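Heads up, the thing below is written out as structure tokens.
Every residue, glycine as well, gets a Cβ built from its backbone with ideal geometry; the counts of neighbours run over all protein chains shown. Read-outs: derived from the displayed coordinates by stated rules, not from any lab.
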């Protein structure tokens, strides 16, 4: 059996992902009576996208979900300042990109470091990004495929910065080693679960020479951005200032895209699993916050109320799902094996 | 048996290359096989498509010939993308409206296909790739060839064609009155519908092919001369601090980058799966990389006579060369396909 | 036995792409194969080139390393093609002058190879293509390596490098004082000197390699991202009846189309010959086409920071994948090449 | 196996020498072998050509005798290159427009062969060389003598003749409606089609010649007395100020140098191959430069009476002398080559 952990991209909503992971760590430590546990040791491949990809890199580097959550908590208000979330306007966003790359760069530096590279990792990890300099999607992965060993000298922080560089919400990330600019991985796969299974079946065939979909279990942790849509009130204007709010300043296009690719990847994965008559393998933990609408889902809302709501949702979902669900426990039954390049 | 799929990528004007290649294939089929009144859409069980590729797929499924579609699309592509609106892009106008309007495209679809023909009237299976901006999910307009999914029966073909051809920035989101929803371009999720077409054949068309396998599936992916796209390196070097205006060009670069990246991803997965199955000969794709001075010219915006001439010449040359060389292209049309019964 | 030929095309800063690819190859051998002080030019019995490719060929044959040439060429190419001379091209400036002065290229070549080195002191065979304007016949600069033809024995390497890179309009014709003859770019006759390299090995190498046959010959044609080049469709459609200004946009368009034609023709003959001899694996070409954008900017003489960055990245990526997946590339560097005795 | 090829090398107005020589050879055949209604086309299995050489090759492949072509040449040569346009090359006119209109040359070709005969109607194999400006690749019009390449069946001979003789700076590019592409002179990529003709016979014309080797192939490459073109040294020296306009005379010198160097390279490679195979007697290049013309004054569009009479006299004298002494022409002109079937 092969366990895959895939994290979607949600921006501030990645607080839900990290809180769920930390609460699962705590629940395992108490109920199973373990000592000094790490939640990244229960997955054979930890994919991710955007801040989900950042968390995946953090888990692969050996950092536990609790210190990761603490770093997220301290850096959440600095990555996504209130002064930037408010006062967007068309004129400001037509001349620059909202939010700066320095704050989340410092956050990632405190998260994983600055000199760590893909070669030193002991866990398999596959991030997703769009290479703006060529147009082909770029998948930063550890040298688990002997043919795919062109990222050993690339630092983890560079990949994390590249995959989290949303088209409008940030700026494209320049990688010095490759001399190429990269964009957010949500433009190709906001749900890296399906491409994760594809990579497991086709790429890491040396480690597992008889890997089949029946032996692949995926724990996809979302950011509650699945049920995103453009609100009908702003959709049915298409006139003057109404059109300016239709596509906003790029954010509407990017968010609608990322939601659409997430939906398509999850949907085709579900159809494939049903065709294989194996639906227990795909385990997903998602919900919808009350009092928030489909279009109220914002990728950069760092208000205290939203942070508290994400914290509570993560805690309650982790507790309830571990209490009632059996597949999550079977996920967190046996620790995985080191990649050992 | 042998299940054949027609994949038509989305390229707006660049679908002229695909339609010209299909018309030329029909003509050489008639010339060499000594047939008559041939239709390129009668040899395909499923006809996938996206954007202008989706419109062409709907036209072929509706029984129209490739040559009539080619002529109508020539006139309508001249009409849809005016030079007045193409040259007058700027940014003040683009902040208050889309670059083009849907009315010329609606007239184009009506002339090429019709207005009253619905998915139930079709005798050929056809896909339409689109994104629903009201529910946030991708909607795949299909013929009622699966009893479980039949919601498209009371939807006109023109509605689906306008839904799939409504690019985010180029066109306004098309409104469907029956579903009370707004739809956007299908290239946002799948600009190369070959992979989703294969998946649909495997899972959603087992009623007519109970023992359908990926091994005996034939895919003909007619590209739109847009296999590779990139962002200008000088723009990335100098303006990678300025959003929208510069580094995105009113979101045109956003849309194009998303389309190119997801098409590349889907093509890569399709190729890897076929190679793993050792059936790489089952996939036939026609596409060329446009050279230096013409690549920066032929885009999804221009109806200039030069671009149309280049697209038509490339289509004719590619059709002739591939028909003469590739045997698989011959076996694609060696036999017809039985129309599906709802 | 086995004979290896290195052939480089000419594209300007695409020469920087080529030298980046060669330097990354050298680094890959240094790391994976565990070799110290490795020069990429030690594994070829003949190293041909044209224009900037010819300059790199002469540098490698003189005994320099690929990394040294890359480090020199980055700064010297930022110097060779100033943004100033690029910006004001107009039509009167090009009617009274060439685009660039040859002095920056002169100092560049002096930095790479030198000024006192001659063809007689070389240890590895090198072939350089050029056109003799004074006599009309093409001139093929080469270290003798043949008792019957040692004309270029007393000719400096730097003079040949300046002559082969002297584009008809981008530069002025180089004047060799020793021969009292002017010379032009070798790309007018051979942008891709692979077929000519085959002929030279099969003819000139009859003493060093008596049993010379095409089946025991391997070619590594490192392209310079200039495989395809076609004139813009708008100019052909509209101003096909106009003069030098619009159509045939000076030596730029004329020479670019000419070099593209010869490159395609020579590669066509080489591929057809290798198919006839069923040794198609003996030709290894490392090249790729540029997408819609990065096409109007990655040009013959565009030494901008973004363009250089893109070329460097493309070279690194192509080097990595082509060394990883191609067995022929690794087989090229398994054994060194014996230096030739004059 | 005595395969014979008739290759003609460009020349523009200077094709009068080649046509006069061929007509005189016909006359001497009739006057010496006592034969009647002798055509020179059927003594050659393949008739290659380029520019006006390609026009004459198409005329001979159509079945016309060399005398009718010679008379049509004597009229249409002075009808094609007006003295008004020749004396008015100038510089602003050539910057705005081209030197010569294509209507006189179109009328010349129509009066020579016609306007409706296509490549399929021919009974003799023929290769016509041109460069495709729309795709930047060399296009080789040929009769359907190879089943693999048969895309030229529905192409009129007049269109191919116009395309192959469309010099870059002299005539406007020819736009063929059937292929929807613009074409340029074939002399840019191959001004001496002897080598490509031998390659075609070796590896393309194999359906009717399964047992073919270079030792049993004979080529009669009739030049056009322009093999010694060179740039005048004073123009090379004056390339700084107002004299730099003379160098690269609005691209005319560029194209002339490219054609001269290309023909020299092709002849040089063919001679190398034949001497390596010791079959140099199979190559009969029938040309000899006039002794009343500077090597640097070898133009391409001199329609004056003196040049025409010099070409006529040179052709007659060369034909007479070479049939008197050279036994290779006599061995060439013994039997009629069997016509081929499509």
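Here are the numbers for the structure shown:
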item	result
Conditions (1) within 19 Å of the chain's Cα centre (by Cα); (2) part of a helix (DSSP H, G or I); number of the one not met by residue A:299	(2)
Region C:1-59: number of residues that are part of a helix (DSSP H, G or I) and either buried (at least 24 other Cβ atoms within 10 Å of the Cβ) or out of contact with any strand residue (DSSP E or B) (no Cβ under 7 Å at 6 or more places or on another chain) (or both)	30
Output for region A:24-72, where each listed residue is surrounded by fewer than 24 Cβ atoms within 10 Å (Cβ to Cβ) and in a loop (DSSP other than H, G, I, E, B)	A:32, A:33, A:34, A:35, A:36, A:37, A:38, A:44, A:61, A:62, A:63, A:64
Residue match in region B:128-146 (condition: assigned to a helix (DSSP H, G or I) and touching a helix residue (DSSP H, G or I) at 6+ places or on another chain (Cβ under 9 Å))	no
Among residues of region A:192-213, those that are more than 14 Å from chain C (Cβ to nearest Cβ) and in contact (Cβ under 8 Å) with a residue 24 or more places away in the chain, counted	14
Tally, over region B:141-157, of residues that are surrounded by fewer than 22 Cβ atoms within 10 Å (Cβ to Cβ) and in contact (Cβ under 8 Å) with a residue 40 or more places away in the chain	5
Inter-residue pairs, beta-carbon under 7 Å, first free of Cβ contacts under 8 Å to residues at least 40 places away in the same chain and in region C:169-191, second surrounded by 22 or more Cβ atoms within 10 Å (Cβ to Cβ) and assigned to a helix (DSSP H, G or I), 6+ apart	C:176/C:159; C:176/C:163
Selection status of residue A:9, under 17 Å from the mean Cα position of the chain (by Cα), assigned to a helix (DSSP H, G or I) and under 27 Å from residue A:193 (Cα atoms)	no
Unmet requirement for residue B:250, which otherwise passes all of (1) within 14 Å of chain C (Cβ to nearest Cβ); (2) closer than 27 Å to residue A:137 by Cα; (3) assigned to a loop (DSSP other than H, G, I, E, B)	(1)
Region B:219-242, residues that are in a loop (DSSP other than H, G, I, E, B) and more than 21 Å from residue C:288 (Cα to Cα)	B:239, B:240, B:241, B:242
Whichever residue in region B:214-229 is out of contact with any strand residue (DSSP E or B) (no Cβ under 9 Å at 6 or more places or on another chain) and within 14 Å of chain C (Cβ to nearest Cβ) and, among such residues, is surrounded by the most Cβ atoms within 10 Å (Cβ to Cβ)	B:226
Filter result for residue B:303 (crowded, with 18+ Cβ neighbours inside 10 Å and within 21 Å of residue A:135 (Cβ to Cβ))	no
Of all residues in region B:306-342 being surrounded by 15 or more Cβ atoms within 10 Å (Cβ to Cβ) and outside any helix (DSSP H, G or I), the one that is nearest to the other protein chains (Cβ to nearest Cβ)	B:340
Residue satisfying all of: in region D:190-204; more than 9 Å from chain C (Cβ to nearest Cβ) and part of a helix (DSSP H, G or I); surrounded by the fewest Cβ atoms within 10 Å (Cβ to Cβ) among these	D:200
Region A:231-252: number of residues that are in contact (Cβ under 8 Å) with a residue 60 or more places away in the chain and at the interface with chain B (Cβ under 7 Å from one of its Cβ atoms)	3
Of residues in region B:175-186 being part of a strand (DSSP E or B) and under 17 Å from the mean Cα position of the chain (by Cα), the one surrounded by the most Cβ atoms within 10 Å (Cβ to Cβ)	B:185
The listed residue being within 14 Å of chain C (Cβ to nearest Cβ) and under 30 Å from residue A:283 (Cβ atoms), out of A:162, A:189	A:162
Where residue B:265 falls short, out of the listed (1) in contact with a helix residue (DSSP H, G or I) (Cβ under 6 Å, 6 or more places away or on another chain); (2) free of Cβ contacts under 8 Å to residues at least 24 places away in the same chain; (3) assigned to a helix (DSSP H, G or I); (4) crowded, with 22+ Cβ neighbours inside 10 Å	(1)
Sole exception among (1) without any contact (Cβ under 8 Å) to a residue 60 or more places away in the chain; (2) out of contact with any helix residue (DSSP H, G or I) (no Cβ under 6 Å at 6 or more places or on another chain) for residue D:227, by number	(1)
Count of residues meeting criterion [surrounded by fewer than 24 Cβ atoms within 10 Å (Cβ to Cβ) and in contact with a helix residue (DSSP H, G or I) (Cβ under 6 Å, 6 or more places away or on another chain)] in region C:113-123	4
Filtered residues of region A:215-230 (kept if facing chain B (nearest Cβ under 10 Å) and within 17 Å of residue A:267 (Cβ to Cβ))	A:225, A:226, A:227, A:228, A:229
Residue satisfying all of: in region B:60-108; under 18 Å from residue B:298 (Cβ atoms) and within 14 Å of chain A (Cβ to nearest Cβ); surrounded by the most Cβ atoms within 10 Å (Cβ to Cβ) among these	B:100
Given (1) surrounded by fewer than 24 Cβ atoms within 10 Å (Cβ to Cβ); (2) assigned to a helix (DSSP H, G or I), number of the condition residue C:208 does not satisfy	(2)
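Quick grid of which residues meet (1) more than 22 Å from residue A:154 (Cα to Cα); (2) touching a residue at least 40 places away in the same chain (Cβ under 8 Å); (3) touching a helix residue (DSSP H, G or I) at 6+ places or on another chain (Cβ under 7 Å):
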| residue | (1), (2), (3) |
| --- | --- |
| A:25 | yes, yes, yes |
| A:30 | yes, no, no |
| A:45 | no, yes, yes |
| A:48 | no, yes, yes |
| A:51 | no, yes, yes |
| A:61 | no, yes, yes |
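A quick yes/no check of all residues on (1) touching a helix residue (DSSP H, G or I) at 6+ places or on another chain (Cβ under 8 Å); (2) closer than 30 Å to residue C:256 by Cα; (3) away from chain C (no Cβ under 14 Å):
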position: B:261; (1), (2), (3): yes, no, no
position: B:269; (1), (2), (3): yes, no, yes
position: B:282; (1), (2), (3): yes, no, yes
position: B:287; (1), (2), (3): no, yes, no
position: B:291; (1), (2), (3): no, yes, no
position: B:295; (1), (2), (3): no, yes, no
position: B:299; (1), (2), (3): yes, yes, no
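Okay, residues lined up against (1) outside any loop (DSSP other than H, G, I, E, B); (2) under 30 Å from residue B:234 (Cβ atoms); (3) touching a strand residue (DSSP E or B) at 6+ places or on another chain (Cβ under 7 Å):
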site: A:104; (1), (2), (3): yes, yes, no
site: A:108; (1), (2), (3): yes, yes, no
site: A:119; (1), (2), (3): yes, no, no
site: A:133; (1), (2), (3): no, yes, yes
